[PDB]
$ cat structure28.cif   # mmCIF, C-alpha atoms and all ligand atoms
data_run
loop_
_atom_site.label_atom_id
_atom_site.label_comp_id
_atom_site.auth_asym_id
_atom_site.auth_seq_id
_atom_site.Cartn_x
_atom_site.Cartn_y
_atom_site.Cartn_z
CA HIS A 3 -65.43 12.33 -33.36
CA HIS A 4 -66.36 9.27 -35.42
CA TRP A 5 -64.26 6.09 -35.43
CA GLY A 6 -61.68 5.65 -38.15
CA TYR A 7 -58.10 4.56 -38.78
CA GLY A 8 -56.26 7.70 -37.72
CA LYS A 9 -54.10 8.47 -34.68
CA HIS A 10 -56.97 9.85 -32.61
CA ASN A 11 -59.86 7.66 -33.78
CA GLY A 12 -58.11 4.46 -34.86
CA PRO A 13 -58.13 0.82 -33.60
CA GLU A 14 -56.57 1.63 -30.22
CA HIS A 15 -59.44 4.04 -29.48
CA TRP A 16 -62.39 1.87 -30.52
CA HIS A 17 -62.82 0.17 -27.14
CA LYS A 18 -64.13 3.36 -25.55
CA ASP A 19 -67.32 3.44 -27.64
CA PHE A 20 -67.26 -0.30 -28.32
CA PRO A 21 -66.08 -2.16 -25.17
CA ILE A 22 -66.38 -5.48 -27.00
CA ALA A 23 -63.15 -4.44 -28.75
CA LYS A 24 -61.40 -6.19 -25.84
CA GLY A 25 -63.76 -9.16 -26.07
CA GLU A 26 -63.16 -12.90 -26.03
CA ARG A 27 -63.49 -13.55 -29.77
CA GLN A 28 -62.22 -10.49 -31.60
CA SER A 29 -60.93 -10.38 -35.17
CA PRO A 30 -58.63 -10.33 -37.03
CA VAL A 31 -56.03 -12.71 -35.60
CA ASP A 32 -52.64 -14.01 -36.63
CA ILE A 33 -52.90 -17.46 -38.14
CA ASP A 34 -50.10 -19.63 -36.75
CA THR A 35 -49.92 -22.28 -39.49
CA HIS A 36 -48.01 -24.76 -37.37
CA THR A 37 -50.49 -24.53 -34.47
CA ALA A 38 -53.56 -24.72 -36.74
CA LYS A 39 -54.95 -28.26 -36.78
CA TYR A 40 -56.51 -30.19 -39.65
CA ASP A 41 -60.15 -30.85 -38.80
CA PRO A 42 -61.70 -34.03 -40.29
CA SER A 43 -65.17 -32.96 -39.12
CA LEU A 44 -65.16 -30.10 -41.63
CA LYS A 45 -67.51 -30.73 -44.57
CA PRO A 46 -66.66 -29.65 -48.13
CA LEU A 47 -66.88 -25.86 -48.51
CA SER A 48 -69.46 -24.68 -51.03
CA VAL A 49 -69.25 -21.26 -52.69
CA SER A 50 -72.14 -20.81 -55.13
CA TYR A 51 -72.01 -17.34 -56.67
CA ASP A 52 -73.46 -18.24 -60.08
CA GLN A 53 -76.69 -16.29 -59.51
CA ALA A 54 -75.13 -13.39 -57.58
CA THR A 55 -76.67 -10.03 -58.44
CA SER A 56 -74.75 -6.89 -57.50
CA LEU A 57 -76.63 -3.61 -57.31
CA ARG A 58 -74.39 -0.77 -56.21
CA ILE A 59 -70.94 0.25 -54.97
CA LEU A 60 -70.54 2.67 -52.07
CA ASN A 61 -67.73 4.65 -50.42
CA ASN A 62 -68.77 4.59 -46.75
CA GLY A 63 -65.80 6.59 -45.48
CA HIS A 64 -63.90 3.51 -44.32
CA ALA A 65 -63.77 1.34 -47.45
CA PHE A 66 -66.03 0.68 -50.43
CA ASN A 67 -68.85 -1.87 -50.44
CA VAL A 68 -70.03 -3.77 -53.50
CA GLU A 69 -73.61 -4.60 -52.51
CA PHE A 70 -75.79 -7.47 -53.60
CA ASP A 71 -79.53 -8.04 -53.75
CA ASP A 72 -80.01 -10.58 -50.95
CA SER A 73 -83.82 -10.67 -51.11
CA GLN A 74 -83.75 -14.08 -52.80
CA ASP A 75 -81.88 -17.35 -52.36
CA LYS A 76 -78.83 -16.46 -54.47
CA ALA A 77 -75.06 -16.29 -53.92
CA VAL A 78 -74.71 -18.62 -50.96
CA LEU A 79 -71.89 -20.00 -48.86
CA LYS A 80 -72.34 -23.33 -47.07
CA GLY A 81 -70.45 -26.44 -46.02
CA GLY A 82 -67.11 -26.33 -44.25
CA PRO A 83 -67.61 -25.28 -40.59
CA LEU A 84 -71.02 -23.84 -41.43
CA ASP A 85 -74.36 -25.21 -40.35
CA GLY A 86 -77.03 -24.15 -42.81
CA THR A 87 -76.85 -21.58 -45.59
CA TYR A 88 -75.34 -18.09 -45.55
CA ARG A 89 -76.32 -15.45 -48.10
CA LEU A 90 -73.92 -12.94 -49.66
CA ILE A 91 -74.84 -9.34 -48.86
CA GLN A 92 -71.68 -7.40 -49.76
CA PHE A 93 -67.93 -7.48 -50.16
CA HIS A 94 -65.20 -4.94 -49.47
CA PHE A 95 -61.45 -4.75 -48.99
CA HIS A 96 -58.86 -3.59 -46.46
CA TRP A 97 -55.54 -2.33 -47.84
CA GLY A 98 -52.38 -0.45 -47.00
CA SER A 99 -50.44 2.62 -48.02
CA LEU A 100 -47.62 0.29 -49.13
CA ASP A 101 -47.53 -3.24 -50.57
CA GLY A 102 -45.93 -4.49 -47.35
CA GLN A 103 -49.09 -4.08 -45.28
CA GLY A 104 -52.86 -3.95 -45.60
CA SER A 105 -54.33 -7.30 -44.63
CA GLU A 106 -56.14 -7.75 -41.33
CA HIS A 107 -55.45 -11.43 -40.79
CA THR A 108 -51.79 -12.40 -40.93
CA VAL A 109 -50.18 -15.77 -41.64
CA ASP A 110 -47.24 -16.53 -39.36
CA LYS A 111 -47.15 -12.75 -38.83
CA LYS A 112 -46.92 -12.10 -42.59
CA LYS A 113 -49.02 -9.14 -43.74
CA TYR A 114 -50.42 -9.21 -47.28
CA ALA A 115 -51.03 -6.11 -49.43
CA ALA A 116 -54.80 -6.32 -48.93
CA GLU A 117 -57.67 -8.56 -47.88
CA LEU A 118 -61.05 -9.15 -49.49
CA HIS A 119 -64.06 -9.81 -47.27
CA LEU A 120 -67.20 -11.41 -48.69
CA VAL A 121 -69.89 -10.96 -46.01
CA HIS A 122 -72.74 -13.47 -45.63
CA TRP A 123 -75.62 -13.80 -43.15
CA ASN A 124 -77.21 -16.98 -41.78
CA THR A 125 -80.59 -17.34 -43.51
CA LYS A 127 -82.11 -19.03 -40.46
CA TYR A 128 -82.29 -15.55 -38.91
CA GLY A 129 -84.35 -13.89 -41.64
CA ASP A 130 -82.09 -10.96 -42.47
CA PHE A 131 -78.78 -9.30 -41.71
CA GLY A 132 -80.08 -7.18 -38.85
CA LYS A 133 -81.33 -10.15 -36.85
CA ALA A 134 -78.28 -12.22 -37.78
CA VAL A 135 -75.89 -9.79 -36.09
CA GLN A 136 -77.59 -10.54 -32.78
CA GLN A 137 -76.55 -14.20 -32.98
CA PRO A 138 -73.23 -15.97 -32.23
CA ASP A 139 -73.44 -17.76 -35.59
CA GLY A 140 -75.18 -15.02 -37.54
CA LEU A 141 -72.43 -14.24 -40.02
CA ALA A 142 -69.79 -15.93 -42.14
CA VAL A 143 -67.05 -13.90 -43.76
CA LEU A 144 -64.92 -15.41 -46.51
CA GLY A 145 -61.53 -13.73 -46.37
CA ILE A 146 -59.12 -13.74 -49.28
CA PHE A 147 -55.60 -12.31 -49.28
CA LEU A 148 -54.29 -10.10 -52.06
CA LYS A 149 -50.64 -9.94 -53.07
CA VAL A 150 -49.10 -7.68 -55.70
CA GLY A 151 -47.99 -9.32 -58.93
CA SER A 152 -50.04 -10.22 -62.00
CA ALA A 153 -53.31 -8.34 -62.50
CA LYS A 154 -56.61 -9.96 -61.54
CA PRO A 155 -58.83 -9.50 -64.63
CA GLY A 156 -62.02 -9.99 -62.63
CA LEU A 157 -61.19 -7.05 -60.36
CA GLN A 158 -60.76 -4.43 -63.09
CA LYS A 159 -64.45 -3.51 -63.31
CA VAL A 160 -64.32 -2.63 -59.61
CA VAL A 161 -61.11 -0.66 -60.08
CA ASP A 162 -62.48 1.39 -62.98
CA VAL A 163 -65.60 2.52 -61.10
CA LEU A 164 -63.71 3.86 -58.07
CA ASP A 165 -63.16 7.20 -59.80
CA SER A 166 -66.91 7.82 -59.45
CA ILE A 167 -67.04 7.17 -55.69
CA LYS A 168 -63.82 8.88 -54.65
CA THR A 169 -65.29 10.48 -51.53
CA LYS A 170 -67.32 9.40 -48.50
CA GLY A 171 -71.05 9.11 -49.12
CA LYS A 172 -70.82 8.60 -52.88
CA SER A 173 -72.41 5.55 -54.51
CA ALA A 174 -72.86 4.33 -58.08
CA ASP A 175 -74.83 1.68 -59.94
CA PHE A 176 -72.81 -1.51 -60.11
CA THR A 177 -74.86 -4.30 -61.62
CA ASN A 178 -73.88 -7.65 -63.11
CA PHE A 179 -70.55 -7.90 -61.29
CA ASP A 180 -69.55 -11.55 -60.88
CA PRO A 181 -67.66 -12.23 -57.62
CA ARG A 182 -66.49 -15.61 -58.96
CA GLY A 183 -63.77 -13.68 -60.76
CA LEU A 184 -62.16 -12.75 -57.43
CA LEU A 185 -61.66 -16.31 -56.15
CA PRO A 186 -58.31 -18.14 -56.15
CA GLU A 187 -58.03 -21.68 -57.53
CA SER A 188 -57.94 -23.48 -54.19
CA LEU A 189 -60.57 -23.35 -51.45
CA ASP A 190 -58.18 -24.64 -48.77
CA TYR A 191 -58.87 -22.56 -45.68
CA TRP A 192 -58.47 -21.85 -41.98
CA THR A 193 -61.50 -21.19 -39.82
CA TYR A 194 -62.20 -19.85 -36.34
CA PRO A 195 -64.96 -18.00 -34.43
CA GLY A 196 -64.50 -14.23 -34.46
CA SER A 197 -66.02 -10.80 -34.92
CA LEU A 198 -66.55 -7.94 -37.31
CA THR A 199 -63.21 -6.15 -37.70
CA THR A 200 -64.81 -2.70 -37.73
CA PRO A 201 -67.08 -1.11 -35.14
CA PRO A 202 -69.46 -2.29 -33.78
CA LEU A 203 -67.05 -5.28 -33.65
CA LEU A 204 -69.91 -7.72 -33.01
CA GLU A 205 -68.89 -11.29 -32.19
CA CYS A 206 -71.16 -13.08 -34.66
CA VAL A 207 -68.68 -14.24 -37.29
CA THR A 208 -67.46 -17.64 -38.40
CA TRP A 209 -64.29 -16.71 -40.27
CA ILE A 210 -63.20 -18.70 -43.30
CA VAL A 211 -59.82 -17.47 -44.55
CA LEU A 212 -58.48 -18.95 -47.77
CA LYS A 213 -54.85 -20.04 -47.78
CA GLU A 214 -54.21 -19.19 -51.44
CA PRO A 215 -53.96 -15.46 -52.13
CA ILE A 216 -55.09 -13.88 -55.37
CA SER A 217 -52.67 -11.69 -57.29
CA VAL A 218 -53.57 -8.14 -58.25
CA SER A 219 -51.36 -5.69 -60.11
CA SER A 220 -49.55 -2.76 -58.55
CA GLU A 221 -51.67 -0.50 -60.76
CA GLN A 222 -54.91 -1.99 -59.44
CA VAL A 223 -54.04 -1.49 -55.78
CA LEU A 224 -52.62 1.97 -56.47
CA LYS A 225 -56.10 2.97 -57.60
CA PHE A 226 -57.59 1.67 -54.33
CA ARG A 227 -55.20 4.12 -52.68
CA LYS A 228 -56.60 7.07 -54.64
CA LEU A 229 -59.93 6.83 -52.79
CA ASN A 230 -60.67 9.29 -49.98
CA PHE A 231 -61.75 8.82 -46.35
CA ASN A 232 -63.12 12.37 -46.50
CA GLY A 233 -66.29 13.58 -48.17
CA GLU A 234 -66.47 15.84 -51.23
CA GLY A 235 -65.15 19.34 -50.63
CA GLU A 236 -63.11 18.37 -47.56
CA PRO A 237 -59.32 18.19 -47.09
CA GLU A 238 -58.01 15.07 -48.81
CA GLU A 239 -57.03 12.14 -46.61
CA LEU A 240 -56.24 9.15 -48.80
CA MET A 241 -58.14 5.97 -47.99
CA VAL A 242 -55.20 3.74 -47.06
CA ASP A 243 -54.31 1.48 -44.13
CA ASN A 244 -57.95 0.85 -43.29
CA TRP A 245 -57.06 -2.39 -41.50
CA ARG A 246 -57.35 -3.44 -37.87
CA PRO A 247 -54.27 -5.27 -36.50
CA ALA A 248 -54.29 -8.82 -35.13
CA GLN A 249 -56.10 -9.29 -31.81
CA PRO A 250 -55.52 -11.76 -28.94
CA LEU A 251 -56.50 -15.32 -29.90
CA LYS A 252 -57.63 -16.02 -26.34
CA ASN A 253 -59.57 -19.26 -25.77
CA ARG A 254 -59.74 -20.20 -29.45
CA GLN A 255 -58.29 -22.70 -31.91
CA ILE A 256 -57.81 -22.22 -35.63
CA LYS A 257 -58.78 -25.24 -37.72
CA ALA A 258 -57.43 -26.13 -41.16
CA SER A 259 -59.49 -27.70 -43.95
CA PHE A 260 -56.40 -29.37 -45.40
CA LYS A 261 -53.91 -31.96 -44.17
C1 LIG B 301 -75.23 -3.96 -36.00
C2 LIG B 301 -75.16 -3.17 -37.26
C3 LIG B 301 -73.77 -2.98 -37.82
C4 LIG B 301 -73.33 -4.05 -38.78
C5 LIG B 301 -72.14 -3.64 -39.61
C6 LIG B 301 -71.55 -4.77 -40.41
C7 LIG B 301 -70.33 -4.40 -41.20
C8 LIG B 301 -69.72 -5.58 -41.92
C9 LIG B 301 -68.46 -5.27 -42.72
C10 LIG B 301 -67.20 -5.07 -41.89
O1 LIG B 301 -66.96 -6.30 -41.13
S1 LIG B 301 -65.79 -7.28 -41.56
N1 LIG B 301 -64.51 -6.41 -41.85
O2 LIG B 301 -66.22 -7.93 -42.75
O3 LIG B 301 -65.56 -8.06 -40.40
CL CL B 302 -53.98 10.53 -41.15
ZN ZN B 303 -63.69 -6.33 -43.65
#
$ encode --input "structure28.cif" --output "structure tokens"
Amino acid sequence: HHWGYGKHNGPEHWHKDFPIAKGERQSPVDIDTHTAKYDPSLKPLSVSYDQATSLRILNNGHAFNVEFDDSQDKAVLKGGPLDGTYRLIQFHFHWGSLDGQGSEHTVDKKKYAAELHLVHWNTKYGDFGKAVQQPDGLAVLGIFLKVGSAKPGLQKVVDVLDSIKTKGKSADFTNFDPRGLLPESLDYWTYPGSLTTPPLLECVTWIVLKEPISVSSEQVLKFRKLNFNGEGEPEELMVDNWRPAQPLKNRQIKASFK
């Protein structure tokens, strides 16, 4: 009985195996734009993905991960609310069964069609494993997806999904440039949170971009053709793999823009 997004193993069940699910800094959260406050102490955000080197794409039964070689100082996120440098290790998405839902974070309760998560770990901790044992071990750059014009830079990801339809399948995925998934503006909201999937560790500094990227209906429809199940098992489409907004508790969301 592994965790998932179904009626008997979904978000409302996670707290039993992962008590931190009801913690003090859980993610995602609803971003109340009027309550968010501009923070002058925030330094310029720096996203340097020029030397990013992807290696493989994997269907882990919950979503698909585009993995990067993080053995060297490449693809780093710094500045903004961050102290030090964070290295990109992988990115993945959360999406819905319909265009009207899919994102984890919401903006004034608005749900986007999907949400992209670029996961980075604080280099001061040596590697990802040690970083997830620290309150400032991770930084996730979240980007909303809305349905409209196609995102050219996402097509290579879309076209490889047919080869990793089921849980456990992976495929070579080199030379993918994540810069092609970024919106024009880097305006963002930030707050201290957690991983949105078990183990739900509270080690994340969330940086959620205000400007969504547009993807075509055809592109997201292909995301929805993936399977939660493994090969040879009854088909359960990989859709609605998002955790709903959690209590904000003793936290404040800061804006990088006035
Ligand atoms: C402690 C070992 C488990 C670490 C698992 C990390 C999964 C990270 C990806 C899922 O998180 S999210 N949605 O970006 O917040
Ligand atoms: Cl189901
Ligand atoms: Zn995620």
$ closest_residue --input "structure28.cif" --among "A:15, A:211, A:99, A:109" --to "ligand CL 302 (chain B)" --atoms "only C-alpha atoms and all ligand atoms"
A:99
$ residues_around --input "structure28.cif" --residues "residue 107 in chain A" --least-positions-apart "2" --cutoff "6 Å" --atoms "only C-alpha atoms" --output "list in words"
residues 30, 31, 32 and 105 of chain A
$ atom_distance --input "structure28.cif" --atom1 "CA of residue 248 in chain A" --atom2 "CA of residue 118 in chain A"
15.9 Å
$ closest_residue --input "structure28.cif" --among "A:23, A:241, A:60, A:141" --to "ligand CL 302 (chain B)" --atoms "only C-alpha atoms and all ligand atoms"
A:241
$ residues_around --input "structure28.cif" --residues "residue 140 in chain A" --least-positions-apart "5" --cutoff "10 Å" --atoms "all atoms listed in the file" --output "VMD selection string"
chain A and resid 88 122 to 125 127 to 128 130 to 135 205 to 208
$ write_last_selection --input "structure28.cif" --atoms "C-alpha atoms" --output "PDB file, keeping the file's coordinate frame"
ATOM      1  CA  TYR A  88     -75.340 -18.090 -45.550  1.00  0.00           C
ATOM      2  CA  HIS A 122     -72.740 -13.470 -45.630  1.00  0.00           C
ATOM      3  CA  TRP A 123     -75.620 -13.800 -43.150  1.00  0.00           C
ATOM      4  CA  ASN A 124     -77.210 -16.980 -41.780  1.00  0.00           C
ATOM      5  CA  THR A 125     -80.590 -17.340 -43.510  1.00  0.00           C
ATOM      6  CA  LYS A 127     -82.110 -19.030 -40.460  1.00  0.00           C
ATOM      7  CA  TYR A 128     -82.290 -15.550 -38.910  1.00  0.00           C
ATOM      8  CA  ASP A 130     -82.090 -10.960 -42.470  1.00  0.00           C
ATOM      9  CA  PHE A 131     -78.780  -9.300 -41.710  1.00  0.00           C
ATOM     10  CA  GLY A 132     -80.080  -7.180 -38.850  1.00  0.00           C
ATOM     11  CA  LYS A 133     -81.330 -10.150 -36.850  1.00  0.00           C
ATOM     12  CA  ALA A 134     -78.280 -12.220 -37.780  1.00  0.00           C
ATOM     13  CA  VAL A 135     -75.890  -9.790 -36.090  1.00  0.00           C
ATOM     14  CA  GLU A 205     -68.890 -11.290 -32.190  1.00  0.00           C
ATOM     15  CA  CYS A 206     -71.160 -13.080 -34.660  1.00  0.00           C
ATOM     16  CA  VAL A 207     -68.680 -14.240 -37.290  1.00  0.00           C
ATOM     17  CA  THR A 208     -67.460 -17.640 -38.400  1.00  0.00           C
TER      18      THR A 208
END
$ decode --input "structure28.cif" --residues "range 66-97 of chain A" --atoms "N, CA, C and O atoms" --output "PDB file, in the first residue's frame"
ATOM      1  N   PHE A  66       7.331  12.273 -13.877  1.00  0.00           N
ATOM      2  CA  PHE A  66       8.540  11.897 -14.602  1.00  0.00           C
ATOM      3  C   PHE A  66       9.626  12.910 -14.258  1.00  0.00           C
ATOM      4  O   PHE A  66       9.369  14.115 -14.171  1.00  0.00           O
ATOM      5  N   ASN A  67      10.832  12.408 -14.017  1.00  0.00           N
ATOM      6  CA  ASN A  67      11.957  13.260 -13.655  1.00  0.00           C
ATOM      7  C   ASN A  67      12.980  13.386 -14.771  1.00  0.00           C
ATOM      8  O   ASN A  67      13.420  12.379 -15.325  1.00  0.00           O
ATOM      9  N   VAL A  68      13.347  14.617 -15.107  1.00  0.00           N
ATOM     10  CA  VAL A  68      14.405  14.840 -16.082  1.00  0.00           C
ATOM     11  C   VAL A  68      15.590  15.108 -15.161  1.00  0.00           C
ATOM     12  O   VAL A  68      15.632  16.121 -14.452  1.00  0.00           O
ATOM     13  N   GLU A  69      16.537  14.176 -15.154  1.00  0.00           N
ATOM     14  CA  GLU A  69      17.700  14.251 -14.281  1.00  0.00           C
ATOM     15  C   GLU A  69      18.922  14.903 -14.890  1.00  0.00           C
ATOM     16  O   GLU A  69      19.163  14.808 -16.095  1.00  0.00           O
ATOM     17  N   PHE A  70      19.699  15.554 -14.032  1.00  0.00           N
ATOM     18  CA  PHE A  70      20.912  16.230 -14.457  1.00  0.00           C
ATOM     19  C   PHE A  70      22.129  15.710 -13.715  1.00  0.00           C
ATOM     20  O   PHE A  70      22.029  15.194 -12.600  1.00  0.00           O
ATOM     21  N   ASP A  71      23.280  15.834 -14.362  1.00  0.00           N
ATOM     22  CA  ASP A  71      24.539  15.433 -13.760  1.00  0.00           C
ATOM     23  C   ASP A  71      24.920  16.593 -12.849  1.00  0.00           C
ATOM     24  O   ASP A  71      25.286  17.669 -13.326  1.00  0.00           O
ATOM     25  N   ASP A  72      24.817  16.377 -11.541  1.00  0.00           N
ATOM     26  CA  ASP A  72      25.139  17.411 -10.567  1.00  0.00           C
ATOM     27  C   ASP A  72      26.461  17.148  -9.849  1.00  0.00           C
ATOM     28  O   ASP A  72      26.641  17.563  -8.703  1.00  0.00           O
ATOM     29  N   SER A  73      27.382  16.468 -10.527  1.00  0.00           N
ATOM     30  CA  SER A  73      28.685  16.147  -9.944  1.00  0.00           C
ATOM     31  C   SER A  73      29.660  17.315 -10.040  1.00  0.00           C
ATOM     32  O   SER A  73      30.699  17.325  -9.376  1.00  0.00           O
ATOM     33  N   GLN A  74      29.325  18.291 -10.878  1.00  0.00           N
ATOM     34  CA  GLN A  74      30.165  19.468 -11.062  1.00  0.00           C
ATOM     35  C   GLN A  74      29.357  20.745 -10.897  1.00  0.00           C
ATOM     36  O   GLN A  74      28.128  20.728 -10.965  1.00  0.00           O
ATOM     37  N   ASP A  75      30.064  21.850 -10.687  1.00  0.00           N
ATOM     38  CA  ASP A  75      29.434  23.151 -10.512  1.00  0.00           C
ATOM     39  C   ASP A  75      28.819  23.653 -11.816  1.00  0.00           C
ATOM     40  O   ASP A  75      29.429  24.434 -12.547  1.00  0.00           O
ATOM     41  N   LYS A  76      27.605  23.188 -12.094  1.00  0.00           N
ATOM     42  CA  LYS A  76      26.871  23.565 -13.298  1.00  0.00           C
ATOM     43  C   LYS A  76      25.396  23.728 -12.944  1.00  0.00           C
ATOM     44  O   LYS A  76      24.927  23.170 -11.948  1.00  0.00           O
ATOM     45  N   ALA A  77      24.671  24.480 -13.767  1.00  0.00           N
ATOM     46  CA  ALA A  77      23.246  24.718 -13.551  1.00  0.00           C
ATOM     47  C   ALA A  77      22.991  25.086 -12.098  1.00  0.00           C
ATOM     48  O   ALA A  77      22.630  24.235 -11.283  1.00  0.00           O
ATOM     49  N   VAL A  78      23.169  26.359 -11.773  1.00  0.00           N
ATOM     50  CA  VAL A  78      22.977  26.798 -10.403  1.00  0.00           C
ATOM     51  C   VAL A  78      21.964  27.917 -10.239  1.00  0.00           C
ATOM     52  O   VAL A  78      21.751  28.733 -11.138  1.00  0.00           O
ATOM     53  N   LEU A  79      21.337  27.928  -9.073  1.00  0.00           N
ATOM     54  CA  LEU A  79      20.358  28.936  -8.720  1.00  0.00           C
ATOM     55  C   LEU A  79      20.935  29.640  -7.499  1.00  0.00           C
ATOM     56  O   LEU A  79      21.396  28.987  -6.564  1.00  0.00           O
ATOM     57  N   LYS A  80      20.938  30.966  -7.518  1.00  0.00           N
ATOM     58  CA  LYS A  80      21.441  31.737  -6.387  1.00  0.00           C
ATOM     59  C   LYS A  80      20.760  33.102  -6.353  1.00  0.00           C
ATOM     60  O   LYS A  80      19.928  33.405  -7.205  1.00  0.00           O
ATOM     61  N   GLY A  81      21.103  33.919  -5.365  1.00  0.00           N
ATOM     62  CA  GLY A  81      20.489  35.228  -5.263  1.00  0.00           C
ATOM     63  C   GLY A  81      19.096  35.128  -4.669  1.00  0.00           C
ATOM     64  O   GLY A  81      18.720  34.093  -4.121  1.00  0.00           O
ATOM     65  N   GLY A  82      18.325  36.201  -4.785  1.00  0.00           N
ATOM     66  CA  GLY A  82      16.983  36.191  -4.237  1.00  0.00           C
ATOM     67  C   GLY A  82      17.025  35.980  -2.734  1.00  0.00           C
ATOM     68  O   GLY A  82      17.779  36.659  -2.039  1.00  0.00           O
ATOM     69  N   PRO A  83      16.233  35.040  -2.200  1.00  0.00           N
ATOM     70  CA  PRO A  83      16.204  34.766  -0.762  1.00  0.00           C
ATOM     71  C   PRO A  83      17.290  33.778  -0.358  1.00  0.00           C
ATOM     72  O   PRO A  83      17.474  33.489   0.824  1.00  0.00           O
ATOM     73  N   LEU A  84      18.017  33.276  -1.349  1.00  0.00           N
ATOM     74  CA  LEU A  84      19.039  32.268  -1.116  1.00  0.00           C
ATOM     75  C   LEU A  84      20.394  32.753  -0.646  1.00  0.00           C
ATOM     76  O   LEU A  84      20.911  33.775  -1.101  1.00  0.00           O
ATOM     77  N   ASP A  85      20.961  31.988   0.277  1.00  0.00           N
ATOM     78  CA  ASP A  85      22.278  32.265   0.811  1.00  0.00           C
ATOM     79  C   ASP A  85      23.153  31.148   0.263  1.00  0.00           C
ATOM     80  O   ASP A  85      22.971  29.981   0.609  1.00  0.00           O
ATOM     81  N   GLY A  86      24.086  31.507  -0.610  1.00  0.00           N
ATOM     82  CA  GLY A  86      24.959  30.507  -1.192  1.00  0.00           C
ATOM     83  C   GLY A  86      24.464  30.047  -2.552  1.00  0.00           C
ATOM     84  O   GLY A  86      23.614  30.694  -3.166  1.00  0.00           O
ATOM     85  N   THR A  87      24.986  28.917  -3.015  1.00  0.00           N
ATOM     86  CA  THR A  87      24.616  28.379  -4.316  1.00  0.00           C
ATOM     87  C   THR A  87      23.899  27.037  -4.243  1.00  0.00           C
ATOM     88  O   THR A  87      24.275  26.156  -3.471  1.00  0.00           O
ATOM     89  N   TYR A  88      22.857  26.898  -5.058  1.00  0.00           N
ATOM     90  CA  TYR A  88      22.065  25.674  -5.119  1.00  0.00           C
ATOM     91  C   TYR A  88      22.217  25.070  -6.508  1.00  0.00           C
ATOM     92  O   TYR A  88      22.092  25.769  -7.517  1.00  0.00           O
ATOM     93  N   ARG A  89      22.477  23.768  -6.547  1.00  0.00           N
ATOM     94  CA  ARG A  89      22.710  23.056  -7.798  1.00  0.00           C
ATOM     95  C   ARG A  89      21.507  22.254  -8.291  1.00  0.00           C
ATOM     96  O   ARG A  89      20.890  21.512  -7.531  1.00  0.00           O
ATOM     97  N   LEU A  90      21.188  22.401  -9.574  1.00  0.00           N
ATOM     98  CA  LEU A  90      20.061  21.690 -10.171  1.00  0.00           C
ATOM     99  C   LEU A  90      20.319  20.188 -10.237  1.00  0.00           C
ATOM    100  O   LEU A  90      21.361  19.751 -10.733  1.00  0.00           O
ATOM    101  N   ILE A  91      19.374  19.400  -9.733  1.00  0.00           N
ATOM    102  CA  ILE A  91      19.510  17.953  -9.769  1.00  0.00           C
ATOM    103  C   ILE A  91      18.455  17.306 -10.667  1.00  0.00           C
ATOM    104  O   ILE A  91      18.722  16.293 -11.309  1.00  0.00           O
ATOM    105  N   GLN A  92      17.267  17.900 -10.741  1.00  0.00           N
ATOM    106  CA  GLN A  92      16.207  17.347 -11.575  1.00  0.00           C
ATOM    107  C   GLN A  92      15.021  18.282 -11.644  1.00  0.00           C
ATOM    108  O   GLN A  92      14.921  19.224 -10.861  1.00  0.00           O
ATOM    109  N   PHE A  93      14.150  18.045 -12.618  1.00  0.00           N
ATOM    110  CA  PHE A  93      12.904  18.792 -12.700  1.00  0.00           C
ATOM    111  C   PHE A  93      11.796  17.816 -13.062  1.00  0.00           C
ATOM    112  O   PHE A  93      12.047  16.738 -13.613  1.00  0.00           O
ATOM    113  N   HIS A  94      10.573  18.179 -12.704  1.00  0.00           N
ATOM    114  CA  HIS A  94       9.411  17.354 -12.974  1.00  0.00           C
ATOM    115  C   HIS A  94       8.202  18.271 -12.945  1.00  0.00           C
ATOM    116  O   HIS A  94       8.317  19.455 -12.622  1.00  0.00           O
ATOM    117  N   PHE A  95       7.041  17.716 -13.273  1.00  0.00           N
ATOM    118  CA  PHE A  95       5.808  18.489 -13.285  1.00  0.00           C
ATOM    119  C   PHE A  95       4.707  17.824 -12.464  1.00  0.00           C
ATOM    120  O   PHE A  95       4.804  16.661 -12.074  1.00  0.00           O
ATOM    121  N   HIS A  96       3.655  18.601 -12.222  1.00  0.00           N
ATOM    122  CA  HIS A  96       2.449  18.147 -11.537  1.00  0.00           C
ATOM    123  C   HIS A  96       1.371  18.669 -12.477  1.00  0.00           C
ATOM    124  O   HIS A  96       1.437  19.818 -12.905  1.00  0.00           O
ATOM    125  N   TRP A  97       0.397  17.834 -12.819  1.00  0.00           N
ATOM    126  CA  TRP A  97      -0.655  18.266 -13.731  1.00  0.00           C
ATOM    127  C   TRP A  97      -2.000  17.621 -13.428  1.00  0.00           C
ATOM    128  O   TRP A  97      -2.095  16.695 -12.616  1.00  0.00           O
TER     129      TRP A  97
END
